[PDB]
Amino acid sequence: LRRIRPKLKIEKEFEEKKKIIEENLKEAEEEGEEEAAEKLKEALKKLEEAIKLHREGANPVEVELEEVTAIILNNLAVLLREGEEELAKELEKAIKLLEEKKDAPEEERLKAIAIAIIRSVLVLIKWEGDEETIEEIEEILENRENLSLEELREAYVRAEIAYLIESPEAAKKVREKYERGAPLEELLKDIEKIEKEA
């Protein structure tokens with residue numbers, strides 16, 4: 001299957017996101033992977049709560065909270081299809097963090113969503129693979145409360161770059177802009193462009 005973790009701030013997103021989950025469940029039902037197919041039925045479950053809460057009129061901090069929950073859950077069963085249930089435990093903790101903070105302050109909501117996207121980058125790097133940075137980013141998540149949002153979005157920027165290193169050469173260009181101190185809004189534009197590039 002596939003994994004995509006973007007940045008928010010529209011229905012075309014959940015549109016193309018649903019397309020992945022569909023053929024995923026399509027392949028999950030065509031295959032004996034019924035443990036994954038449950039997550040597939042469970043991923044679209046959180047995608048309805050994502051597409052409903054958007055068309056119902058909630059703020060993006062609650063919509064993406066169910067989108068990422070549908071993103072990771074669609075991504076959780078991919079690791080289950082590959083027998084990577086050891087790494088799938090790391091994404092279930094991200095789900096547990098996503099579910100326990102849906103009744104949390106607006107800043108506590110996106111604070112977990114950032115950790116959710118980061119942890120998903122983290123497990124994908126280990127699956128698709130530069131070593132001390134994992135022992136640098138995974139230790140950042142242990143003290144998740146001692147940090148700010150500007151540091152977690154930077155960590156996702158650093159983590160996504162490290163992943164795209166082990167994916168083009170255009171990742172260190174964004175890393176170069178990180179080293180020049182470029183604004184973090186710009187470090188997202190080129191990063192999400194790379195996701196739009198693929």
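The deposited coordinates derive from X-ray crystallography, with the record listing a resolution of 4.00 Å.

The name the PDB entry assigns to the protein chain is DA7_2, from the organism Homo sapiens. The record deposited in the PDB is entitled "Crystal Structure of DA7-2".

Caption draft 1: Fine view of the overall build of the protein chain. Broken down by element type, the protein chain carries 9 helices and 0 strands. Along its sequence from the N terminus, the protein chain presents helices and strands in the succession α-α-α-α-α-α-α-α-α. At 16 Å, the protein chain has a C-alpha radius of gyration in line with the 16 Å of a compact globule built from 198 residues. Along the first, second and third principal axes, the C-alpha set of the protein chain runs to 50 × 35 × 30 Å. When the accessible area of the protein chain is evaluated, it comes to approximately 10,800 Å², of which 46% is carbon and sulfur surface. The distance from the centre of the 37 positive side-chain charges to the centre of the 58 negative ones in the protein chain is 4 Å.

Caption draft 2: Seen up close, a negative patch on the surface. Judged by side-chain charge, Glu131, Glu132, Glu135, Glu136, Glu139 and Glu142 come together as a negatively charged surface patch. For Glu136, the location among the structural elements is in helix α6 (residues 134-142). Look at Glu136 and you get partly exposed, because its relative accessible area is 36%.

Caption draft 3: Quick peek at the packing of helix α4 (residues 85-100) against helix α5 (residues 106-127). The contact between α4 and α5 brings their axes to 9 Å, and the two run at 175 degrees. Here α5 runs roughly antiparallel to α4, going by the angle between their axes. Where α4 approaches α5, its residues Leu87, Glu90, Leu91, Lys93, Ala94, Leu97 and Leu98 are matched on the opposing element by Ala112, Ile113, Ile115, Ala116, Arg119, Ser120, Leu122, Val123, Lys126 and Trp127. Residues of the contact of α4 with α5, tallied by class, amount to 12 nonpolar, 1 polar and 4 charged.

Caption draft 4: Representation of the nonpolar core within the structure. With 57 residues, the main nonpolar core has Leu40, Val68, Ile72, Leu76, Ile118, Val121 and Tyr156 as its most contacted residues. Among all residues touching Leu40, those that are not within four sequence positions of it are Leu1, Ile21, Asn24, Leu25, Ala28, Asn74 and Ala77.

Caption draft 5: Region of interest: the pattern of salt bridges. Inspection of every chain in the model, using the stated rule, returns 19 salt bridges. Residue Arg144 is joined to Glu145 by a salt bridge in which the shortest nitrogen-to-oxygen separation is 3.8 Å. A network of salt bridges, in which partner residues are shared, links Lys26, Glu27 and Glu30.

Caption draft 6: Spotlight on the packing of aromatic side chains. Applying the stated criterion to the full structure yields 0 aromatic pairs. Directly above the aromatic system of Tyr163 lies the positively charged group of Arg5, at a separation of 5.6 Å from the ring centroid.

Caption draft 7: Examining the side chain of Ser120 more closely. Structurally, the position occupied by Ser120 is in helix α5. Residue classification places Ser120 among the buried positions, given a relative accessible area of 1%. If we ignore the near neighbours within four places in the chain, the residues touching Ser120 are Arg3, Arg5, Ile72 and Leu91.

Parameters and conventions
- Counting starts from 1 on each chain and follows the sequence as written, independent of the entry's numbering; residues without coordinates are not shown.
- Water and hydrogen atoms play no part in the side-chain values, which are based on all heavy atoms of the structure.
- Each helix corresponds to a stretch of at least 4 residues labelled H or I by DSSP, and each strand to a stretch of at least 2 residues labelled E; elements are numbered beginning at the N terminus.
- The quantity called the radius of gyration is restricted to C-alpha atoms. Its globule counterpart is 2.2 Å times the number of residues to the power 0.38.
- Per-residue and other accessible areas were derived by the Shrake-Rupley procedure at a 1.4 Å probe size, with only the shown protein chains allowed to occlude residues.
- This count recognises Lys and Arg as positive and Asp and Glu as negative, with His and chain-terminal groups excluded.
- To locate a charge, take NZ of a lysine, CZ of an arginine, CG of an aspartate or CD of a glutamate.
- Here, patches come from residues exposed beyond 30% relative accessible area and free of salt bridges, joined within 9 Å for like charges and within 5 Å for nonpolar side chains (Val, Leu, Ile, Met, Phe, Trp, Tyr).
- Within this document, salt bridges are pairs made up of a side-chain nitrogen of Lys or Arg and a carboxyl oxygen of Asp or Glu, the two lying within 4 Å of each other.
- Here's how the labels work: a residue is buried when its accessible area is under 20% of the maximum for its type, exposed when over 50%, partly exposed in between, all with a 1.4 Å probe on protein chains only.
- Between the N-to-C directions of two axes lies an angle of 0 to 180 degrees, each axis being a line fitted to C-alpha atoms and, for a helix, fitted only over the stretch in contact.
- Here is the rule for angles: anything less than 35 degrees is roughly parallel, anything more than 145 is roughly antiparallel, 65 through 115 is roughly perpendicular, and the remaining ranges are oblique.
- Contacts are residue-level and defined by heavy atoms, with any inter-residue pair within 4.5 Å sufficient.
- Polar here means any residue other than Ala, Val, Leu, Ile, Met, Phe, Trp, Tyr, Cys and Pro, which are nonpolar, and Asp, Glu, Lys and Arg, which are charged; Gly is therefore polar.
- Here, the term nonpolar core denotes a set of buried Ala, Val, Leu, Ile, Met, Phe, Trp, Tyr and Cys residues that are joined through side-chain atoms within 4.5 Å.
- Stacked, edge-to-face and tilted labels apply to pairs of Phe, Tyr and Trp rings (six-membered ring for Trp) whose centres lie within 6.5 Å, assigned for plane angles under 30 degrees, over 60, and everything in between, in that order.
- Over a ring means this: the NZ of a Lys or the CZ of an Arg is within 6 Å of the ring centre and within 35 degrees of the ring normal.

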